[PDB]
Structures are given as structure tokens and as C-alpha cells.
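Asks: here's a sequence, model it:
(chains A and B)
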Number of protein chains: 2
Amino acid sequence: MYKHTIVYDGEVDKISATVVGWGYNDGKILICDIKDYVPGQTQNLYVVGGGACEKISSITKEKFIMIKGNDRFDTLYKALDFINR
Amino acid sequence: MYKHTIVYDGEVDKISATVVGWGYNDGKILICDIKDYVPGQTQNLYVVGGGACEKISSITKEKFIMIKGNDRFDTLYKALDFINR
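Replies: Numbers count the residues shown, from 1 in each chain, chains lettered A, B, ... in the order given. Coordinates below:
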């Protein structure tokens, strides 16, 4: 169903998650809160921000890439770095 | 009356406008689409993105600061720079 799914927890980390999705235009992408994440329907899973990174392993067995800093700003810079922007 | 109002045009410049809002916790803040902007109820006006920056002068006669780059990423970095992050 999706090529890239980017998960976050909360309206702050949503920003960073959204910017990670700005790095991809090669397929269908889903940006969604961890509380709405449905496992098993994505090729790639990216988890953004500390909150989502602590909860994700209890929600899915899929492999994933973590994008996380110490605060909302650091996370945002790491997101930008991850997509080479 | 709002201490800070941040205006944007569209869901992409919304993201940078949200980031500018992360820089302010000293007062009441409105983040809103340029279509919904109501002049005369803010101490500080900040206009995010090329879209809003072209429409705003025909909507209000208030002074404002422009936060805009050539693409969405440039706009986002300028948002971060505007709040010293």
C-alpha cells in the first residue's frame, strides 16, 4: 500500500515527520500519528521524535529507521539531515 | 489582542509558520492561513512563505516581517533562523 510511512507522536514531532516526507517523491507516502499506525502495509517505516521511537517496538515487528534528537529542534535538524537537505 | 500572529498560505508554508510559533512562549499567538487573517488584532505580524508575502499588503496596512525563501526548505531554514534556532 505505501512506499514510505513516517510515524510521529504528538503535534510537535508531526512537524519533523512532515519534513521527512518532503524528502520523498518516489511513491505513496503516509505521515501519521503512532496512534493511527496500521502495521504491515508499508515498504519503509521511519519513526520520528523521541515519543514515537519509544512506543513503536510495542506496536509493530517491522524494521524501521529512527529519527530523533534531544529536543524538537534537534529532531528537526536530524530530519533535515536524513533527507540530505 | 494577540501578541504574535503568523500567517501563511497553504499547507506547506503552514509547517514553517508552525515552527516560527515554536519560538514564542511569552504571550498569546495565532497561526493562521492568510484567508482567515483579521487585521488590527495583533502586536506583531509575521508572514511566512512566498504565497502569503505576495497577498498580505493588499489585505492589511500593518507592518510585518517577511520570512520567505525560494523553496519550502529555504523557507523552513529561514524560520529556524528567525527564532535563533
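
Asks: how far off centre is the longest helix that chain A contains?
Replies: Secondary structure of chain A per DSSP state H: the longest helix is helix A:72-82. In this view, helix A:72-82 has its centroid 11 Å away from the chain centroid, taken as Cα atoms, centre = their mean, to the nearest Å.

Asks: and it with helix B:72-82, angle?
Replies: 150 degrees (axes from the mean of the first three to the mean of the last three Cα atoms, to 10 degrees).

Asks: and helix A:72-82, what other elements does it pack with?
Replies: Here helix A:72-82 is seen to pack against helix A:13-21, strand A:42-48, strand A:65-67, helix B:11-22, helix B:72-82 when contacts are counted using 3 or more Cβ pairs under 8 Å, 6 or more residues apart in numbering or on different chains; DSSP states H and E. For the C-beta atoms, the positions are set from N, CA and C on the backbone; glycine is no exception.

Asks: hmm, try it at 6 Å
Replies: Counting contacts by 3 or more Cβ pairs under 6 Å, 6 or more residues apart in numbering or on different chains; DSSP states H and E, the secondary-structure elements packed against helix A:72-82 are helix A:13-21, strand A:65-67.

Asks: now, of those, which is deepest in the fold?
Replies: Compared across the helices and strands packed on helix A:72-82, helix A:13-21 shows the largest average neighbour count, a mean of 24 (mean count of other Cβ atoms under 10 Å in any protein chain shown).

Asks: show me what secondary structure element comes after it.
Replies: Reading on from helix A:13-21 to the C-terminus, the next helix or strand found by DSSP states H and E is strand A:29-33.
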